[PDB]
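Below you'll find the structure, written out as structure tokens, and then a few comments.
There are 2 protein chains.
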Amino acid sequence: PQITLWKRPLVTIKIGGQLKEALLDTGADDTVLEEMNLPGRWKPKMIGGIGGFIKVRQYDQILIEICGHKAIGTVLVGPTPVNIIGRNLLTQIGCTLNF
Amino acid sequence: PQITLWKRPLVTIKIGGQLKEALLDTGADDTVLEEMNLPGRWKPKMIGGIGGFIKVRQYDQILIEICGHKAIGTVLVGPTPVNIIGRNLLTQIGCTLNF
Ligand SMILES: [Mg+2]
């Protein structure tokens with residue numbers, strides 16, 4: 001689709017059974033998602049927020065659907081305020097900026 | 001133009017005489033730029049970063065050029081780590097996300 005930017009670009013994603021609202025965020029390198037159960041193996045990672053650094057769990061090779069477009073990539077899981085789709089998944093769905 | 005997202009989407013902007021590198025950031029509501037001299041009237045604003053909240057100066061109705069596309073809008077000026085073009089200017093240049 002084509003997304004204008006007058007409003008936050010919140011889309012529905014499908015991940016690990018579940019529907020979630022998430023932000024399409026071209027200023028984010030990585031994808032970070034609120035607390036959820038993902039199956040396989042993970043490692044801990046630190047990432048920045050307004051408070052300081054939060055610890056999150058890194059799951060690699062996770063299947064996510066983003067507005068009907070399926071991607072595989074790393075998803076970080078932890079106490080983020082906002083569900084953020086970053087560039088590591090936006091490249092996977094072929095998302096560009098256009099003007 | 002059309003911008004893929006494999007790399008940070010850093011463009012050249014022209015503002016108040018000067019060339020600057022800045023991030024096209026659809027996760028940012030507002031535009032924040034490193035220390036510079038802008039003419040007219042301003043007010044102070046607080047905004048979030050990794051350390052906590054920083055004070056910035058708000059200048060309204062500023063002319064900025066972004067990859068050859070001229071926009072008018074609010075620019076915040078202060079000790080931000082990264083020059084961020086947010087949605088308040090991206091809408092002004094007709095920037096969309098596409099996939
Ligand atoms: Mg951000």
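Chains as they are written, first to last, in the entry's author numbering: chain A, 1 to 99; chain A', 1 to 99. A prime marks a further copy of an entry chain. The beta-carbon is built from N, C-alpha and C at its ideal position, and this holds for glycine as well.
Own chain, CB closer than 6 Å to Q92(A'), minus 5 neighbours either side, in chain order: Annotation for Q92(A'): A71, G73 place their beta carbon closer than 6 Å to its own, counting only its chain and skipping 5 residues before and after.
Using the Cβ count rule (16 or more neighbours within 10 Å means buried), how would you classify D29(A)? For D29(A), the number of other beta carbons within 10 angstroms of its own is below 16, and it is reported as exposed.
Span of the alpha helix (DSSP H) holding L90(A')? 87-90
Go ahead and pull the three-state DSSP assignment for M36(A'). coil
Looking at the C-beta of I54(A), does it have a partner C-beta in chain A' at a distance below 7 Å? It does not; no Cβ of chain A' falls within 7 Å.
Do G48(A) and ligand 1 come close, with the Cβ less than 6 Å from some heavy atom? no
Those residues which DSSP pairs with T96(A) across a bridge: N98(A')
Partners in chain A for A28(A'), counting only beta-carbon separations shorter than 8 Å: Going along chain A in sequence order, the residues near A28(A') (Cβ under 8 Å) are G27.
Where does the unbroken beta strand (DSSP E) through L24(A) begin, and where does it stop? 18-24
Going by DSSP, what residue range makes up the beta strand (DSSP E) through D30(A')? First-last for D30(A'): undefined, no H or E at that position.
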